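Beneath this line is the structure, given in structure tokens, with notes to follow.
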There are 2 protein chains.
Amino acid sequence: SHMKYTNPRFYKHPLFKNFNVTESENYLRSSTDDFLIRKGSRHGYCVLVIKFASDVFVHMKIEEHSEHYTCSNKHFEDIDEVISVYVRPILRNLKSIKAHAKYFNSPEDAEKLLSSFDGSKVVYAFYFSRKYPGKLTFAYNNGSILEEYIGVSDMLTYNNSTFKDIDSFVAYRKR
Amino acid sequence: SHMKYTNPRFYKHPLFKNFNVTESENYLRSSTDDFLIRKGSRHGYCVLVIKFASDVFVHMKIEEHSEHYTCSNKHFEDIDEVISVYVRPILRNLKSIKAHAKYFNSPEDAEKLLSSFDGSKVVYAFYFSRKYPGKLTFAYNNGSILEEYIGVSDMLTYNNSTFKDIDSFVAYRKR
Ligand SMILES: [Cl-]
Ligand SMILES: [Cl-]
């Protein structure tokens, strides 16, 4: 935006925390909280921080305009609407992902399974990307270990395609 | 919105036509043009009208706010951005759809094919919905003629799932 004479309205919001990047991630590392909204380094916006895992954080710019907000190219009546329409279904998604039989917490620890490969079947694992916070890595071994990125929003997104959960993704990916 | 003292900015836009619903569809029926933006019946917005077929028109509210516009829950810097980001890929989609081997122009005329059913295979056809302008009807005969709606945006959307074209949709739907 450009600067206004009044405090940004999101300052008054209960989810708004006066944190920078490190403080947000710190606070989230040791909180039960899954997300917060922090201050942006320049005027006009705050930033939604969602903890994907202990060391995976997603920071999304939320812009404040005269009545509405915008977040990820979508438009929202208020911050509460960002949370219900946008954040909760992400969390619902993250919950399923980490419940999955085939989800692991580290690449390093999804390592064991990928190495157990006989030649009998494709071995595959899932773990969140640290190189691209917000991506789920689909890793598989068919002879060589390959990797693919899946987007994590309210759905799982893979190239053109879109999935409610890992299961349906798996179904599509094989056949 | 509520009323302002200045003309809505979209009046100045070259794609804006001072038409109501009938005039828009009329004009589109007999134009080579695929879409236009028309006046809304109340303040604060114009309406994108896309011709899907001779008697299928999709009307989408485009709201004008102080600098940005909104259309289908998405946010746009200007009307031009609505067109490139939103309308052209719809048109690219519509083009493919009507190119498809399995697309027909009327339900009535996708009737022949659905009746040719032997028992040898599932017979299926595609045609745009008139009951829900903006939907593509996927019709199939496996014993009885069933129907399903696919959304037409930049992608084809079917329940949870999303497709670039009919072909990949077909692939998914069978197996
Ligand atoms: Cl707005
Ligand atoms: Cl805006």
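Derivation of every value follows stated rules applied to the coordinates shown; laboratory data play no part. Neighbour counts run over all protein chains shown; Cβ positions are idealised from the backbone, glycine included.
Search the stretch B:25-46 for residues being out of contact with any helix residue (DSSP H, G or I) (no Cβ under 8 Å at 6 or more places or on another chain) and under 19 Å from residue B:135 (Cβ atoms), and hand back the single one that is surrounded by the fewest Cβ atoms within 10 Å (Cβ to Cβ).
Within the stretch B:25-46, the subset out of contact with any helix residue (DSSP H, G or I) (no Cβ under 8 Å at 6 or more places or on another chain) is B:25-32, B:39-45.
With the extra rule that they be under 19 Å from residue B:135 (Cβ atoms), the set shrinks to B:25, B:28.
On the way: B:25: 18, B:28: 21.
Only one residue fits best here, namely B:25.
Step by step: first the residues of the stretch B:42-56, then only those that are away from chain A (no Cβ under 14 Å), within 14 Å of residue B:19 (Cα to Cα) and in contact (Cβ under 8 Å) with a residue 12 or more places away in the chain, then the one that is nearest to ligand 1 (Cβ to nearest atom). Which residue is that?
Of the stretch B:42-56, the ones away from chain A (no Cβ under 14 Å) are B:42-43, B:46-56.
Those still in the list that are within 14 Å of residue B:19 (Cα to Cα) too: B:42, B:46-50.
Filter once more, keeping what is in contact (Cβ under 8 Å) with a residue 12 or more places away in the chain: B:46-50.
Numbers: B:46: 15, B:47: 17, B:48: 17, B:49: 22, B:50: 23 Å.
Going through the qualifying residues, I end up with B:46.
Which count do you get for residues in the stretch B:130-144 that are within 22 Å of residue B:57 (Cβ to Cβ) and more than 10 Å from the chain's Cα centre (by Cα)? It would help to see each step written out before you state the result.
Of the stretch B:130-144, the ones within 22 Å of residue B:57 (Cβ to Cβ) are B:130-139.
Then keep just the ones that are more than 10 Å from the chain's Cα centre (by Cα); that gives B:130-131, B:137-139.
Residues in the stretch B:130-144 being within 22 Å of residue B:57 (Cβ to Cβ) and more than 10 Å from the chain's Cα centre (by Cα): 5 in total.
Among the residues of the stretch B:126-141, are any of a type in the set (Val, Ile, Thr), away from ligand 2 (no atom under 16 Å from the Cβ) and surrounded by fewer than 18 Cβ atoms within 10 Å (Cβ to Cβ)?
At the first step, the residues of the stretch B:126-141 found to be of a type in the set (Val, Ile, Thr) are B:137.
Still in the list and also away from ligand 2 (no atom under 16 Å from the Cβ): B:137.
Filter again for surrounded by fewer than 18 Cβ atoms within 10 Å (Cβ to Cβ), leaving none.
For the stretch B:126-141, residues of a type in the set (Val, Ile, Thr), away from ligand 2 (no atom under 16 Å from the Cβ) and surrounded by fewer than 18 Cβ atoms within 10 Å (Cβ to Cβ): absent.
Any idea how many residues of the stretch B:19-50 are out of contact with any strand residue (DSSP E or B) (no Cβ under 6 Å at 6 or more places or on another chain) and not small (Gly, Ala, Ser)?
Total meeting the criteria: 12.
Pairs please, first residue from the stretch B:59-77 and farther than 17 Å from residue B:17 by Cβ, second anywhere and of a type in the set (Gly, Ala, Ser) and within 13 Å of ligand 2 (Cβ to nearest atom), Cβ atoms under 8 Å, 6+ apart in sequence or on different chains.
Correct list of pairs: B:63/B:1; B:65/A:66; B:65/B:1; B:66/A:66.
State yes or no: is residue A:79 away from chain B (no Cβ under 14 Å), more than 16 Å from ligand 1 (Cβ to nearest atom) and surrounded by 13 or more Cβ atoms within 10 Å (Cβ to Cβ)?
no
Quick one: which strands (runs of 3 or more DSSP E) lie wholly within the stretch B:1-83 and hold at least 2 residues that are away from ligand 2 (no atom under 16 Å from the Cβ) and under 16 Å from the mean Cα position of the chain (by Cα)? First the steps, then the outcome.
Numbers: elements: B:35-39, B:45-53, B:56-64, B:69-71, B:74-76.
Per the criteria, B:35-39, B:45-53, B:56-64.
Take the conditions away from ligand 1 (no atom under 16 Å from the Cβ), within 14 Å of chain B (Cβ to nearest Cβ) and under 23 Å from residue A:137 (Cα atoms) and apply them to residue A:89. Does it pass?
Values: away from ligand 1 (no atom under 16 Å from the Cβ): yes; within 14 Å of chain B (Cβ to nearest Cβ): yes; under 23 Å from residue A:137 (Cα atoms): yes.
In short, yes.
Sort through A:14, A:8 and tell me the only one that's within 16 Å of ligand 1 (Cβ to nearest atom) and either away from every other protein chain (no Cβ under 14 Å) or over 17 Å from residue A:80 (Cβ atoms) (or both). Outline the logic, then answer.
Working: A:14 fails: within 16 Å of ligand 1 (Cβ to nearest atom).
Residue meeting the stated conditions: A:8.
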